[PDB]
Structure formats: structure tokens, C-alpha cells
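2 protein chains.
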Amino acid sequence: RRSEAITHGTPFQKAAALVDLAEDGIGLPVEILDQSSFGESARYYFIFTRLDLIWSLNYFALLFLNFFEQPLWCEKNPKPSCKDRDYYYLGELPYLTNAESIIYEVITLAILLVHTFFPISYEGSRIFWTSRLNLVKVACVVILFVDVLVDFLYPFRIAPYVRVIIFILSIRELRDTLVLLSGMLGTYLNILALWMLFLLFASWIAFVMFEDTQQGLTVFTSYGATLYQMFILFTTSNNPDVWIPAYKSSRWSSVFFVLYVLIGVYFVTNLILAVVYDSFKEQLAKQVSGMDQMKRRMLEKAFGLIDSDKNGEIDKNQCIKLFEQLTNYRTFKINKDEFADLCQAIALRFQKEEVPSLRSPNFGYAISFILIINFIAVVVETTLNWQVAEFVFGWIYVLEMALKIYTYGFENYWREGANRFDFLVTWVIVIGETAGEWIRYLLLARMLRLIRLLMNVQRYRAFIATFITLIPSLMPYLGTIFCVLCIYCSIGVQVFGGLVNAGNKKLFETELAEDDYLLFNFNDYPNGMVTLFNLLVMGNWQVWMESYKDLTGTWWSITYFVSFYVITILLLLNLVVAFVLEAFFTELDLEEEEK
Amino acid sequence: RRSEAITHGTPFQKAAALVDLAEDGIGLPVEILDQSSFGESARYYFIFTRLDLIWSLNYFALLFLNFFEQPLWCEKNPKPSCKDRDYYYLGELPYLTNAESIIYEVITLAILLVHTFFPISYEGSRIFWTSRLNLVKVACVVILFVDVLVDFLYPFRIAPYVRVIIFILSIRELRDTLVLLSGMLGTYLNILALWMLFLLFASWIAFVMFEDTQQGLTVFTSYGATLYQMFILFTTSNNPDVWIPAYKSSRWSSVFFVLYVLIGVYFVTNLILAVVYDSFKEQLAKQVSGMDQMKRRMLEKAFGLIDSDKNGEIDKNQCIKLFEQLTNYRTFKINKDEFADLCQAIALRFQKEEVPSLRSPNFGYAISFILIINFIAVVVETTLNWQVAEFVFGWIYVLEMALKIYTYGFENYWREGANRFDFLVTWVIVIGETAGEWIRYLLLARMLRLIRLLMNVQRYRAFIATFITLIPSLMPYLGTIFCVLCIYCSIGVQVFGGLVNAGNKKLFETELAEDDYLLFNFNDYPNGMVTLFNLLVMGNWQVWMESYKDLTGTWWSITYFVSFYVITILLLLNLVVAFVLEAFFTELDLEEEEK
Ligand SMILES: [Ca+2]
Ligand SMILES: [Ca+2]
Ligand SMILES: [Ca+2]
Ligand SMILES: [Ca+2]
Ligand code: NA
């Protein structure tokens with residue numbers, strides 16, 4: 020898919036290059052594809068995309084800055100200071116000084132300005148300024164510039189939110205996931221309406237049924253208290269604890285709570301999952317259609333490069349001239386659609402990639438035997454039934479890397495999803511030879540490759556193959572969940588920071604103190620992230636909700652936890668379930684086509 | 020579907036009857052259908068099926084006997100006796116005396132012997148004694164007869189297990205569910221192999237990683253302790269509790285447990301659900317195919333009754349003679386397959402059932438207004454903003479019942495799934511007029540019918556329609572889970588009965604005593620059932636496992652809880668999820684066909 024062919028080649032080379040780009044799934048921007056003299060514009064797009072590692076590193080740096088900033092409650096002079104990390108149950112990451120924060124922010128903003136305005140080199144000015152994505156990015160960069168300036172000048185801070193928005197906007201798969209999700213929201217709010225109606229009605233029955241009982245006197249003291257407890261019971265997290273007083277008062281009370289939990293989980297929760305799954309399928313189909321339209325647009329541009337006369341036809345003397353530039357550089382008359390069908394058929398049957406310029430099958434057996442020997446060595450070493467053996471295996475693994483990159487070349491080697499990981503962990507190993528036991532886990536991280544041999548076992552092939560394909564293909568969804576946690580974390584540290592401290596005295600009544608959860612707090616960004624992970628797992632989750640309700644003295648604090656549950660569990664994790672199921676069924680159909 | 024027509028009719032009436040049976044989904048047994056005589060054999064089958072209510076009541080009585088038997092540990096003379104129900108934290112159901120047990124068992128066994136041997140009236144002797152189902156039923160009844168005799172004579185008791193097996197064998201949909209499940213088991217044990225391999229490897233890494241830490245010294249003290257804790261963490265039920273000492277030692281420890289829980293839940297649990305779902309689909313397809321073969325066999329014997337000359341043929345005079353006996357009672382040559390296609394097409398496009406022997430839409434509006442008025446009356450009554467009003471509404475509801483059974487006749491009325499429930503709750507209401528405040532809940536149980544009006548709201552139609560169809564169609568699966576719970580309950584009372592008592596002294600160290608769960612014990616069958624419900628809900632489920640491990644002093648006790656988790660949660664509840672999802676998608680496709 021050579022940039023040089025697109026930039027400089029004769030039209031037949033440009034056509035073959037656009038074809039290989041399209042069927043490798045890479046679209047040139049329409050702002051380039053729609054113009055005649057596109058080569059000089061494309062020149063800049065390729066130098067832009069050559070720098071993707073620099074831009075990606077800048078975005079991950081900008082996002083990770085949130086983990087190293089001092090909490091705002093520490094700036095407003097607490098007694099004692101946040102140097103007393105044990106008094107405030109804080110984490111172990113350093114807090115950047117003002118000087119360090121200024122340096123970090125200035126550097127990352129300068130690279131962000133370059134990345135955001137450089138597209139005006141290949142898009143034109145009017146084309147640039149009319150893109151909605153560019154306008155939103157310019158708004159984000161100007162907000163970060165003003166936020167930098169207004170503290171280089173030296183009740184809340186905006187920057188951490190804008191950094192997460194910039195990160196979302198800078199990864200195509202995350203933008204795509206949010207566009208997909210925006211199509212699901214309309215149908216999601218309907219079933220939330222029915223779920224609320226269910227909770228309200230079940231809570232009304234429960235309230236009027238227990239009003240003068242011990243359950244009434246001690247748990248269901250009001251309709252709001254009932255609705256709160258019944259909401260937590262929908263999650264099952266407070267079962268059976270919430271209805272023990274009823275069961276002590278009468279064993280028949282268990283029938284009500286049995287019916288409630290049975291209906292709430294096995295009917296209502298599964299139907300919410302089903303609604304989310306159907307909507308996800310509809311939006312994914314719409315996305316794949318859009319990608320097919322991109323592919324067709326590129327193939328039509330290729331035909332518009334070969335046809336310079338606009339008669340809409342190419343002859344066999346042109347067609348063989350394209351067929352060479354395809355079948356030996358990347359792998381009757383024809384018309385605009387016939388070309389697209391013929392080429393996608395070539396992409397089906399004949400298409401196997403040629404190797405770039407500049428290995429035996431049993432070599433895989435040799436390295437598999439070596440890494441199983443290494444595994445049995447590691448086990449007999451841990452049970453204490464050798465640094466020179468760990469050295470000689472590390473040497474063999476770097477020798478394998480060097481041999482494979484020599485025989486195939488890195489531009490061919492690095493294409494495989496496996497060997498790029500083997501390369502990464504081998505590099506981390508050899509740079510670990512800085513002269527502990529941590530190399531044990533790196534070599535076993537290589538040993539994990541042995542699990543691919545279970546794809547030879549037909550009863551396991553589908554499972555292992557789906558797990559392997561899921562590792563990369565879930566990253567957009569897991570990353571969207573991660574960005575949602577980052578926003579909720581910044582809110583939590585803004586609204587709850589400093590309340591969990593060793594002098595609070597109310598804290599030691601709060602259940603957070605009784606369950607020993609005091610390190611899972613919102614005093615710091617990493618603390619908030621691990622707390623939000625515990626919330627996402629739903630294990631004991633209402634402990635934090637009830638404790639921060641006590642510590643803040645307001646029921647409005649529960650809006651945080653309720654909204655977090657409604658967004659992340661009932662929607663995003665159900666989306667993950669749907670995605671895993673659809674991936675597995677796709678694998679079974681692929682095997683049913685292989686056989 | 021007239022039994023008179025099958026038993027006595029002219030062959031054209033027999034043919035029309037067999038057709039209406041087959042297309043209403045009722046199969047005569049093959050032992051009749053192939054008998055070459057629908058006479059005296061069919062006569063007895065219809066009186067047999069006329070008695071279905073008596074048999075069903077006998078089977079439910081036989082199953083429920085388990086809830087009223089004295090636990091065997093009470094018979095072996097405890098001090099104090101089980102009359103001290105508080106000392107043993109017992110339930111509220113009575114225990115039958117020996118005389119009552121003998122009477123109950125003798126009566127139920129007599130009706131069971133009748134039901135099990137009466138088929139030899141229409142099946143022949145050799146046909147009866149070669150049926151595998153009959154032989155298993157005869158083995159069960161002879162075991163119950165021995166177990167009765169061996170205590171009418173006056183280490184464990186077998187009867188409670190055989191009663192559950194008899195109940196499974198006596199309901200067709202439960203036999204169907206078990207034969208379906210037997211097809212899934214092979215593929216289920218494969219993914220259990222990978223799940224165990226995942227637990228063992230993750231637990232080995234965790235063990236060697238923490239060995240000299242506080243996590244090692246206090247939680248991961250051995251490989252077996254690690255594997256046990258990591259298995260509970262796979263359930264999430266001990267998150268974050270299990271790894272707080274690691275997090276106190278180093279915050280980076282959280283990354284291990286985050287990755288473990290992320291992989292274990294969102295990859296492994298979802299792929300187990302996917303495997304179960306695919307296997308369920310394959311087995312349900314095999315079931316529907318068998319039902320279609322039954323339908324075809326019935327249509328082919330209908331043809332074999334019309335073509336009693338074995339022409340291979342029916343002529344137009346015969347065909348219109350059948351056509352009258354069909355279209356005037358129950359809703381050009383032709384051949385064996387053409388008949389079946391034509392009739393099934395008539396069922397699809399033309400059939401609409403006639404009323405049996407012996428109403429305007431505004432009546433539905435009137436009763437909807439009356440029940441909404443009743444609802445606003447109930448709400449304003451409970452908030453205390464009338465027994466004569468509750469009486470007059472109860473009268474209106476019984477007058478509606480009597481009017482509808484008059485206008486349509488009970489044989490037509492009772493066919494709807496809705497009005498048979500309305501009839502039941504109205505009868506329970508009017509027999510409740512024994513003169527109480529509890530009738531509020533029965534009238535609101537009628538008020539629940541108002542939710543059907545949300546099917547008129549297109550954004551809610553599929554959800555409500557699927558919920559309504561799920562109410563009956565999940566009963567075989569929920570009932571299979573109930574039978575599994577019954578067997579586990581009987582085992583639990585056998586092995587754990589009497590250990591939770593106020594004199595145990597070890598109990599008050601056991602977490603069961605600290606969480607206040609002492610009423611959730613295995614001292615009694617209803618206590619066991621509610622305990623196993625709490626286990627099925629997975630809320631705090633490891634409390635019982637760890638407490639009974641401590642009370643029994645052996646790790647072998649955990650086999651009970653582990654096997655219960657593996658059977659019920661990873662298989663049967665995933666089956667319920669698959670069933671609900673497939674039902675929803677079927678509803679969306681139905682609406683997509685109707686719109
Ligand atoms: Ca700032
Ligand atoms: Ca009351
Ligand atoms: Ca017995
Ligand atoms: Ca160590
Ligand atoms: Na807990």
C-alpha cells in the first residue's frame with residue numbers, strides 16, 4: 020500500500036495502490052479522495068500518519084496526567100497536610116509540583132496543537148473549518164490553553189474532563205464506539221422507564237405489606253427507604269440481609285422476596301440484556317455498511333484514475349496492465386461496478402499478500438519444546454525440588479526473535495499479532511538484564540503462547556480462537572468503560588475528596604470502617620479508580636454508597652452511585668456480553684464454513 | 020378434538036379428529052396410532068386423560084410430602100428434643116406424626132400404582148413392559164412400596189429422592205427438559221475443563237507471587253487455600269475482601285486482581301454462557317423436529333383411515349367429504386404428502402377455531438375503567454386521605479366472570495391464559511369473603540392485567556409481550572431448577588442437619604453467627620430450601636460454605652457447595668438466560684412479520 024505509489028506513481032500504480040489500501044481496510048480521507056490533484060495533498064497525509072507513535076504517546080501522556088495531579092482539596096490548606104498520607108489513607112503515586120505540572124502541560128499542549136492544526140496542510144482551510152470534528156477538537160485545545168494560562172498566572185478544574193474528551197476524539201475506534209452507543213440510547217431509556225415502573229410498584233407493595241412489622245419499624249420505615257432498599261435488592265447485593273427481620277417475624281415473608289428476586293433477576297435483567305443486544309446488533313450492522321461504502325468509494329476513485337476519458341469503460345489492454353501492477357506488486382470491457390466486483394473477487398480467492406523486500430515449519434515445534442522445557446523447569450524451581467538456565471532461555475528467545483526478524487524482515491514479521499507481543503516481552507526481558528525473580532513472570536508470559544496448541548484440539552478450538560480474537564477486538568469497549576470511569580473518578584474526587592480521614596470520627600460508624608474498606612476512597616485519583624473498579628464488580632458495592640451518604644449527610648450523594656450503576660452495569664457491561672456472544676457465534680460459523 | 024369422534028365416528032370423522040388433534044399439538048401415543056384400531060384402546064386413553072387433574076394433584080402431594088417430614092436427626096433422640104424449635108433455629112411448618120405419614124404415603128402410593136399400571140389397558144402387555152419409561156416408573160413405585168412397608172413394620185432414607193424422580197417422570201415437559209439437558213452435558217464438561225485449567229494456573233501465579241507477603245502469611249497460606257480463595261473470587265463474591273492485605277502491602281498488587289477479575293468475568297464467564305447458548309439452540313432444534321415428526325405421523329394415519337382401500341389415493345368426492353367434516357365442525382386427486390401440505394396450509398392461512406356448544430369491545434373498556442378506578446381507590450385508601467367499595471368491586475369482578483362464562487361457555491372461556499387466572503383469583507377472592528385486609532393484594536393481582544394495555548404502546552410492546560409469553564414457557568426450566576434444589580436440600584438435611592444449634596459453641600465463631608444468618612440452616616427441609624435459594628442468588632453465598640466447613644471440620648464439605656455452583660449457576664441459569672434472549676428475538680421477528 021505504498022505511499023510512494025500514491026504520491027508519485029503513474030496512474031496504473033496509483034490505481035493498484037488505492038486498491039490495496041481499500042482492501043487492507045485503510046481509507047484515505049474523502050477530503051483527499053474527492054480531488055483530482057490529490058497526490059500533493061496525499062504527500063502530507065503520509066508524513067502525518069508516519070508520526071502516529073508520537074501522537075499516540077502524547078495522548079496517553081495527556082490522559083495519564085490525571086493520575087499524578089494533586090487533589091484540589093489538598094491545595095486549600097488542610098490540617099494536617101496531605102504529606103500525612105496515612106492520615107488521609109492516600110495512595111503511593113507522586114503528586115507533581117507546580118513546576119512539573121507546568122512543564123508537562125506545556126509540552127503536551129504543544130504537540131496537541133501541532134496534531135490538531137497540521138491537517139490544514141492536506142485538507143484546505145474551508146474544508147478544515149467546516150468539519151465538526153475539527154471544531155470540537157479546536158474547542159478542546161483552546162479550553163486546555165486557557166486552563167494552562169490561568170495557572171501559569173500563578183471551585184473546580186475543567187482540564188481533567190477535557191483531557192478525556194480529547195483522548196476519546198483522538199482514537200477512531202473510540203469515536204466509533206460512541207457513535208454506535210448514541211444509536212442505542214433511545215431504546216435504552218424506554219426499558220429504563222419500565223424498570224423504574226417495576227421498582228416503584230414492587231416497593232409500594234413491600235411498603236404497605238410490612239408497615240406495622242419489624243421489617244417496617246427497622247428497614248422499610250418510609251416509601252423512600254423502601255425504594256432504596258428494594259433498588260439495592262434488585263442488584264442482589266444486600267440479599268438476604270435486608271429481609272432477615274421479616275423472616276424472623278414470619279417465615280412466609282420469604283415467599284414475597286423470593287418472587288421479587290426471581291422476577292427481577294431472571295425476567296427483567298435478562299430482558300434488559302436482550303434489548304441492549306438487539307440494539308447493538310442493529311448499530312454494528314450500520315457501522316459495517318458504512319465501512320463497505322468507504323471501500324466502494326476508494327475503488328471508484330481507482331477506476332476514475334484509470335478512466336481518463338470518462339466513457340466509463342476500460343479495455344483488456346488496460347486491464348492486463350492493472351492486473352500486473354496488482355498480482356505482481358501486492359498479490381472483455383469492464384465498467385464501474387464490474388471492476389469493483391472483479392477486484393473484490395480477487396481479494397477473495399487469489400489474494401494472498403506478497404512479502405516485502407529483504428523459517429522452517431518444524432522451527433515452531435523446536436520453540437514449543439523449548440518453552441515447555443522452560444515451564445517444567447520453572448515449576449520444579451518454584452517447588453525447590464537456576465540463573466544460568468533462565469539466562470540461556472532468555473538468550474534462546476532473543477536469538478529466535480533476531481532469526482525471525484532476519485528471515486522475514488520486520489515489516490513482514492511485525493504483521494502477526496502474536497510475534498509482536500513476543501518481541502515486546504523479549505525486549506522487556508533483555509532490558510531487564512541490567513546487571527530478583529520478576530523475569531519468571533515475563534518468561535511465563537511467553538509460555539502462555541503454549542495455549543494456542545489447544546486450537547489443535549477440536550473440542551477447544553472455537554473457545555481458544557474466540558478468546559484470542561476478543562483480546563484485541565474488545566479494546567474499544569473496554570476503553571470506553573475506562574474513559575467513563577475516568578470522568579466519574581474526577582467527579583468523585585471533586586465532591587468526596589478529604590471526607591475519609593482519620594480525624595472524621597463519623598467515619599468509624601460508617602460501615603466502610605467496619606468492613607475495613609478505608610483504602611477504597613475518593614481522596615486521590617488512583618484511589619478513585621480502584622474504588623470504581625470495585626463498584627463495577629458490584630461486590631459489596633452499596634457499602635460505599637451508604638458510607639458516603641453518611642459522610643456527606645445528604646441523600647443527593649446517592650445520585651452518583653445510582654447513575655454509575657445505570658450507565659455502566661445495565662448498559663456497557665451488557666454491551667460487552669453481547670459482543671462476546673456474537674464473537675463466539677461468528678467463530679462457530681467460520682468453522683462450519685471451513686469444514 | 021372430540022374423543023367421541025375418535026372412538027365412535029365414521030372414518031371421515033376419525034380423520035377430521037386426528038387432524039384437529041395433530042394441529043392443536045396433542046399426540047396420541049404411537050402404541051395407539053399404529054394399532055390399526057382406534058377402538059377400545061383409544062376409549063381407555065381418553066378416560067385416562069380425563070383424570071389428569073387427579074394424577075397431577077397426587078404428584079404435587081407426593082413431592083410436597085418432603086416439606087412436612089421430621090428430619091432424621093430428630094428421630095435419633097437429641098437433647099433437647101426438636102420440640103425446642105428455637106434451640107435448633109427451626110421453621111414453622113408442622114412435622115407429620117408417624118400415623119399421619121403412613122396415611123399420606125399409603126394414599127399417594129395407591130393413586131400412583133393406579134396411574135402407573137392403568138396404561139396396560141390401552142397399550143398391550145408386551146408394549147407396556149418394553150417401554151423404558153414404564154420400567155423406570157415401576158422401579159420407582161416398587162422402591163416406594165418397600166420404603167413404606169419397611170416402616171409400617173414398626183442410616184438414611186431413600187424415599188425423598190424417589191419422589192422427586194417420580195415427579196420429573198410424571199410431567200412431560202420435565203422429561204423433555206432433562207433429555208434436552210443430556211445433549212448439552214458433553215460440551216459442558218469440555219468448557220469446565222478449560223475453566224479448571226484457568227483457575228489452577230491463575231492460583232499458581234497468585235500463590236508464588238505472594239508467598240512471603242502478608243497476603244501469603246494470612247490468606248494465600250498454601251496452594252489449596254489459594255485455589256479456594258481464587259475460586260470464590262471468580263464468583264466475585266469476596267471482592268475486594270480477599271486482597272486487602274496485598275493492597276495494604278502495595279497498591280500495585282491491585283493490578284493483578286484487576287486483571288484476574290476482568291478476564292475471569294468478562295471473557296471466561298461470557299464464553300461459558302455462549303457455549304451453553306449454542307448447545308441449547310442445537311437441542312431445541314432437535315426437539316422441535318421431533319414434534320414435527322409426531323404431527324406428520326398423525327396426519328399419515330388420518331390419510332390411512334380415509335384411504336382404507338389402500339388405493340394410494342383420495343378423489344375430489346372424498347376430499348370435499350373430509351372438507352365438510354373439518355370446516356363445519358372444527359374450523381384433483383391427492384396423495385400422502387399432498388394431504389399433509391394442504392392441511393397444514395389450511396391450518397396456517399385459513400383455520401380459526403369454532404366455538405364449542407352453548428362481549429362487545431366496550432365491555433373491555435368498561436372493566437379497564439373499573440379496575441383503574443379500583444387502583445386509585447386503593448392508593449388513596451392506603452395513604453388514608464372502604465369495605466363496601468371493596469365488596470362492590472369484588473361483586474363486579476364475579477359478575478364479569480359469570481357474564482363471560484355465560485357468553486362464551488367455560489370450554490371456550492378457559493382456553494385463554496389470562497381469564498383462567500382472572501377466574502382463579504376471583505374464586506379465591508369470593509371464598510375469601512368468609513365474613527379481610529389481605530384482599531387488597533388479590534385485587535391488585537387482578538389489577539396487574541392493566542399492564543397489558545402497555546402493549547398498545549409500540550415502544551413497550553415487545554418487552555411486555557415477551558414477559559407475558561415467558562411466564563408459562565419458562566416453567567419447565569424453573570421446575571427443573573426446583574427439582575435440583577429439592578435433591579440438594581434432602582442431601583443437605585441428611586449431612587448437615589443438627590449442626591447449627593445453640594449449644595454448638597463453635598457456631599458462634601463461624602461467620603454464619605456474625606452475619607446473623609442462623610435461620611438459614613439445613614436443620615429442616617423448608618430451611619434448606621430457603622438457604623439454597625440464597626445460594627442460587629449468590630449473595631454472600633460463601634458464608635454458608637465456610638461456616639459448614641468449620642462446623643464439620645472437613646474440606647470435603649465444600650464438595651456440596653462447589654458442585655451446586657457448577658450445576659445450577661454455570662449451567663441452568665445460563666440456560667434460562669439463553670431461553671429469555673431467544674424468546675425476545677422471536678418476538679421481534681414476529682412483530683417484523685406482522686408490521
Ligand atoms: Ca489545572
Ligand atoms: Ca399491615
Ligand atoms: Ca421414609
Ligand atoms: Ca517471592
Ligand atoms: Na459482604
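Top to bottom, those sequences are chains B and A.
Read left to right, the first sequence gives residues 20 to 173, 183 to 359, 381 to 407, 428 to 454, 464 to 513, 527 to 686 (the entry's author numbering).
Read left to right, the second sequence gives residues 20 to 173, 183 to 359, 381 to 407, 428 to 454, 464 to 513, 527 to 686 (the entry's author numbering).
Positions of the beta carbon are idealized from the N, C-alpha and C atoms, including for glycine.
- Residue range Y616 to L627 is occupied by the alpha helix (DSSP H) that includes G619(B).
- The beta carbon of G214(A) sits no closer than 7 Å to any beta carbon of chain B.
- C-alpha of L76(A) to C-alpha of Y251(A): approximately 52 Å in a straight line.
- In this structure, the C-beta of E239(A) approaches ligand 4 to less than 6 Å from one of its heavy atoms.
- In terms of Cβ geometry, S277(B) and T249(B) do not form a close pair [threshold 7 Å].
- Remark: C-beta atoms of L131(A) and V160(A) approach each other more closely than 7 Å.
- Here the alpha carbons of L407(A) and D343(A) stand approximately 35 Å from one another.
- Around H134(B), the same chain offers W74 as residues with beta carbons nearer than 6 Å, after the five sequence neighbours per side are excluded.
- In the structure shown, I342(A) falls within a strand segment according to DSSP collapsed to helix, strand and coil.
- Here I658(A) carries a helix assignment [DSSP, helix/strand/coil].
- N267(A) sits close to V628(B), with the two beta carbons spaced by under 7 Å.
- Residue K323(B) holds the alpha-carbon nearest to the alpha-carbon of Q393(B) among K323(B), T659(B), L664(B) and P90(B).
- In chain order, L610 make up the part of chain A whose C-beta sits under 8 Å from the C-beta of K276(B).
- Among the residues of chain A, those whose CB is under 7 Å from the CB of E111(B) are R279, following chain order.
- Burial is judged here by how many other beta carbons sit within 10 angstroms of a residue's own beta carbon; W271(B) has at least 16 and is buried.
- Listed by position along chain B, the residues whose Cβ is nearer than 8 Å to that of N298(A) are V667, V668, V671 and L672.
- Not one beta carbon of chain A lies nearer than 7 Å to the beta carbon of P48(B).
- Nearest to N85(B) by alpha-carbon distance, out of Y608(B), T560(B), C574(B) and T601(B), is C574(B).
- Rounded to whole angstroms, the separation of the alpha carbons of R325(B) and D386(B) is 11 Å.
- Rounded to whole angstroms, the Cβ separation of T659(A) and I572(A) is 7 Å, and the two are in contact under 8 Å.
- Taking a Cβ-Cβ threshold of 9 Å, the residues of chain A close to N625(B) are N267 and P268, in chain order.
- With a threshold of 6 Å, the Cβ atom of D615(A) does not count as near ligand 3, since no heavy atom of the ligand is closer than that.
- Between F308(A) and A302(B), the CB-CB gap reaches or exceeds 7 Å.
- Looking at the DSSP output, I383(A) bridges to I342(A).
- Counting only the Cα atoms, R358(A) lies some 15 Å from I348(A).
- The beta carbons of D204(B) and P567(B) sit about 7 Å from each other, so the pair counts as a contact at 8 Å.
- Within chain B, the residues whose beta carbon sits less than 8 Å from that of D306(A) are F675, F676 and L679, listed in sequence order.
- Take the alpha-carbon of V621(A) and the one of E111(A): they are about 13 Å apart.
- Taking 8 Å as the upper bound for CB-CB distance, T643(A) and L590(A) are in contact here, some 7 Å apart.
- Membership of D680(B) in the alpha helix (DSSP H) is indicated by the continuous run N665 to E685.
- Cβ proximity to chain B below 7 Å picks out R550 from the stretch 532 to 550 of chain A.
- Note on geometry: alpha-carbon atoms of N117(B) and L534(B) lie some 41 Å from one another.
- A direct Cα-Cα distance of roughly 43 Å separates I260(A) from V165(A).
- In this structure, the CA atom of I542(A) is about 10 Å from the CA atom of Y551(A).
- Using a Cβ-Cβ cut-off of 7 Å, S198(B) does not count as an interface residue toward chain A, since no Cβ of chain A sits closer than that to its own.
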